[PDB]
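Heads up, input.cif below (mmCIF, C-alpha atoms):
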data_upload
loop_
_atom_site.group_PDB
_atom_site.id
_atom_site.type_symbol
_atom_site.label_atom_id
_atom_site.label_comp_id
_atom_site.auth_asym_id
_atom_site.auth_seq_id
_atom_site.Cartn_x
_atom_site.Cartn_y
_atom_site.Cartn_z
ATOM 1 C CA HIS U 1 164.236 72.806 51.860
ATOM 2 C CA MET U 2 161.851 75.696 52.582
ATOM 3 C CA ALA U 3 163.258 78.746 50.787
ATOM 4 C CA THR U 4 162.108 82.359 51.348
ATOM 5 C CA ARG U 5 159.801 82.049 48.325
ATOM 6 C CA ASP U 6 157.997 78.988 49.789
ATOM 7 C CA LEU U 7 157.588 80.661 53.175
ATOM 8 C CA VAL U 8 156.140 83.871 51.728
ATOM 9 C CA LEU U 9 153.897 81.808 49.479
ATOM 10 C CA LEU U 10 152.672 79.704 52.403
ATOM 11 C CA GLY U 11 151.777 82.943 54.198
ATOM 12 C CA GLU U 12 149.808 84.025 51.121
ATOM 13 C CA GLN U 13 148.014 80.660 50.940
ATOM 14 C CA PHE U 14 146.795 81.063 54.523
ATOM 15 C CA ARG U 15 145.572 84.576 53.722
ATOM 16 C CA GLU U 16 143.666 83.383 50.619
ATOM 17 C CA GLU U 17 141.961 80.664 52.644
ATOM 18 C CA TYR U 18 140.972 83.251 55.305
ATOM 19 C CA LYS U 19 139.349 85.457 52.642
ATOM 20 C CA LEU U 20 137.282 82.400 51.645
ATOM 21 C CA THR U 21 136.191 81.564 55.189
ATOM 22 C CA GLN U 22 135.225 85.231 55.669
ATOM 23 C CA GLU U 23 132.946 84.861 52.611
ATOM 24 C CA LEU U 24 131.458 81.645 54.118
ATOM 25 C CA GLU U 25 130.684 83.533 57.323
ATOM 26 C CA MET U 26 129.048 86.425 55.491
ATOM 27 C CA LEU U 27 126.928 83.929 53.485
ATOM 28 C CA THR U 28 125.852 81.900 56.501
ATOM 29 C CA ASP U 29 125.009 85.100 58.449
ATOM 30 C CA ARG U 30 122.766 86.168 55.567
ATOM 31 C CA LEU U 31 121.269 82.661 55.307
ATOM 32 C CA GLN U 32 120.265 82.872 58.981
ATOM 33 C CA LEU U 33 118.717 86.308 58.469
ATOM 34 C CA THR U 34 116.787 85.151 55.411
ATOM 35 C CA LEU U 35 115.488 82.129 57.369
ATOM 36 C CA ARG U 36 114.300 84.518 60.100
ATOM 37 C CA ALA U 37 112.548 86.602 57.425
ATOM 38 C CA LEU U 38 110.808 83.437 56.194
ATOM 39 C CA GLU U 39 109.773 82.561 59.782
ATOM 40 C CA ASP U 40 108.246 86.049 60.107
ATOM 41 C CA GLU U 41 106.445 85.769 56.774
ATOM 42 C CA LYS U 42 105.140 82.324 57.751
ATOM 43 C CA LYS U 43 103.683 83.693 60.994
ATOM 44 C CA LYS U 44 101.611 86.133 58.938
ATOM 45 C CA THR U 45 100.490 83.388 56.495
ATOM 46 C CA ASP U 46 99.494 81.070 59.349
ATOM 47 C CA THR U 47 97.459 83.850 60.998
ATOM 48 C CA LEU U 48 95.651 84.440 57.681
ATOM 49 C CA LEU U 49 94.919 80.694 57.318
ATOM 50 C CA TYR U 50 93.399 80.516 60.854
ATOM 51 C CA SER U 51 91.431 83.750 60.350
ATOM 52 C CA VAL U 52 89.140 82.331 57.624
ATOM 53 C CA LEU U 53 88.054 79.355 59.808
ATOM 54 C CA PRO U 54 85.039 79.016 62.145
ATOM 55 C CA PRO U 55 86.436 79.595 65.671
ATOM 56 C CA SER U 56 85.630 76.110 67.060
ATOM 57 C CA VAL U 57 87.527 74.563 64.106
ATOM 58 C CA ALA U 58 90.463 76.968 64.585
ATOM 59 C CA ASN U 59 90.419 76.052 68.269
ATOM 60 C CA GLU U 60 90.425 72.329 67.426
ATOM 61 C CA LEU U 61 93.504 72.718 65.177
ATOM 62 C CA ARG U 62 95.585 74.713 67.691
ATOM 63 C CA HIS U 63 95.386 71.700 70.063
ATOM 64 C CA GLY J 1 80.543 78.468 57.835
ATOM 65 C CA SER J 2 84.038 79.541 56.791
ATOM 66 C CA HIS J 3 84.784 83.105 55.762
ATOM 67 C CA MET J 4 87.351 83.220 53.004
ATOM 68 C CA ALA J 5 86.388 86.421 51.177
ATOM 69 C CA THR J 6 88.065 87.524 47.924
ATOM 70 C CA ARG J 7 90.360 89.755 50.013
ATOM 71 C CA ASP J 8 91.628 86.783 52.061
ATOM 72 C CA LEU J 9 92.140 84.668 48.971
ATOM 73 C CA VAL J 10 94.148 87.364 47.171
ATOM 74 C CA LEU J 11 96.258 88.047 50.256
ATOM 75 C CA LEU J 12 96.998 84.343 50.750
ATOM 76 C CA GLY J 13 98.200 84.273 47.137
ATOM 77 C CA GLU J 14 100.469 87.219 48.002
ATOM 78 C CA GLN J 15 101.759 85.422 51.140
ATOM 79 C CA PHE J 16 102.685 82.373 49.056
ATOM 80 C CA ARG J 17 104.661 84.392 46.538
ATOM 81 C CA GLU J 18 106.443 86.417 49.243
ATOM 82 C CA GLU J 19 107.539 83.096 50.723
ATOM 83 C CA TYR J 20 108.749 81.720 47.351
ATOM 84 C CA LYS J 21 110.845 84.899 46.942
ATOM 85 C CA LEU J 22 112.500 84.089 50.253
ATOM 86 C CA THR J 23 113.123 80.428 49.409
ATOM 87 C CA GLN J 24 114.630 81.599 46.080
ATOM 88 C CA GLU J 25 117.025 83.811 48.047
ATOM 89 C CA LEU J 26 117.830 80.775 50.281
ATOM 90 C CA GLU J 27 118.629 78.657 47.204
ATOM 91 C CA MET J 28 120.879 81.397 45.806
ATOM 92 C CA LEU J 29 122.778 81.720 49.094
ATOM 93 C CA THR J 30 123.249 77.925 49.386
ATOM 94 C CA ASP J 31 124.492 77.807 45.763
ATOM 95 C CA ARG J 32 127.087 80.486 46.677
ATOM 96 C CA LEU J 33 128.042 78.517 49.798
ATOM 97 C CA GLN J 34 128.796 75.472 47.674
ATOM 98 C CA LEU J 35 130.723 77.521 45.131
ATOM 99 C CA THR J 36 132.763 79.128 47.955
ATOM 100 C CA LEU J 37 133.428 75.688 49.523
ATOM 101 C CA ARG J 38 134.701 74.410 46.154
ATOM 102 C CA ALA J 39 137.057 77.415 45.858
ATOM 103 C CA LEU J 40 138.353 76.660 49.360
ATOM 104 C CA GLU J 41 138.950 73.001 48.389
ATOM 105 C CA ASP J 42 140.869 74.271 45.337
ATOM 106 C CA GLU J 43 142.962 76.626 47.500
ATOM 107 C CA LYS J 44 143.554 73.928 50.135
ATOM 108 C CA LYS J 45 145.119 71.535 47.601
ATOM 109 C CA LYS J 46 147.590 74.268 46.503
ATOM 110 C CA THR J 47 148.554 74.907 50.151
ATOM 111 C CA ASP J 48 148.861 71.138 50.728
ATOM 112 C CA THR J 49 151.118 70.671 47.678
ATOM 113 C CA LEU J 50 153.319 73.551 48.939
ATOM 114 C CA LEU J 51 153.637 71.887 52.369
ATOM 115 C CA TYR J 52 154.616 68.452 50.959
ATOM 116 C CA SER J 53 157.004 70.113 48.435
ATOM 117 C CA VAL J 54 159.298 71.627 51.080
ATOM 118 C CA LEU J 55 159.956 68.229 52.739
ATOM 119 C CA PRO J 56 162.671 65.710 51.809
ATOM 120 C CA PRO J 57 160.912 63.429 49.295
ATOM 121 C CA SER J 58 161.171 60.341 51.551
ATOM 122 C CA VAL J 59 159.432 62.108 54.467
ATOM 123 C CA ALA J 60 156.606 63.368 52.181
ATOM 124 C CA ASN J 61 156.210 59.857 50.691
ATOM 125 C CA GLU J 62 156.041 58.460 54.256
ATOM 126 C CA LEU J 63 153.323 60.945 55.323
ATOM 127 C CA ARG J 64 151.386 60.200 52.092
ATOM 128 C CA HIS J 65 150.747 56.635 53.339
#
Entire entry expressed as structure tokens:
Amino acid sequence: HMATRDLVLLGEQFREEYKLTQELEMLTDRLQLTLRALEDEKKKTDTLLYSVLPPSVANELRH
Amino acid sequence: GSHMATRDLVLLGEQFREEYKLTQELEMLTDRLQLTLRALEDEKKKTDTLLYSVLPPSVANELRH
């Protein structure tokens, strides 16, 4: 017993779930970009931390 | 000797706070992810109910086991 109402409404349910997965994709895309921004910031911080050291000590830490 | 001048110290302080700003954005985004997942769970149970509801009760009961 699937009337026209139930069929239309099932169609609308699928569409609502797609809007939500589209939001999940946008969020995860942004999360990956913000992680990359953190990686880039960290590279700068790390450089600054090495820069204040005596070179033989810096050398020793780099491995 | 080491050479951490006042400039280097101040800048390192600025590096740390720039990084906290980024981790705060990461926490916000992850919060929104979990909120969006919860809305999807809520929507999925409505869809699920609709799909059971159109079946003969016996069939739905049988699938529910």
Starting from the PyMOL selection byres ((chain J) within 7 of (chain U)), expand the selection into actual residues of this file and give them as a list in words. residues 1, 2, 3, 4, 12, 15, 19, 22, 26, 29, 33, 36, 40, 43, 47, 54 and 55 of chain J
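From CA of residue 10 (chain J) back to CA of residue 56 (chain U), the distance works out to 24.4 Å.
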Hey, can you check how far CA of residue 46 (chain J) sits from CA of residue 8 (chain U)?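 Between CA of residue 46 (chain J) and CA of residue 8 (chain U) the gap works out to 13.9 Å.
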Correct to one decimal, the distance CA of residue 62 (chain U)-CA of residue 8 (chain J) is 20.1 Å
Expected axis-aligned box over every listed atom of region 15-19 of chain U, 6 Å added per side, centre plus edges in Å to one decimal, as AutoDock Vina command-line options:
--center_x 142.5 --center_y 83.1 --center_z 53.0 --size_x 18.2 --size_y 16.8 --size_z 16.7
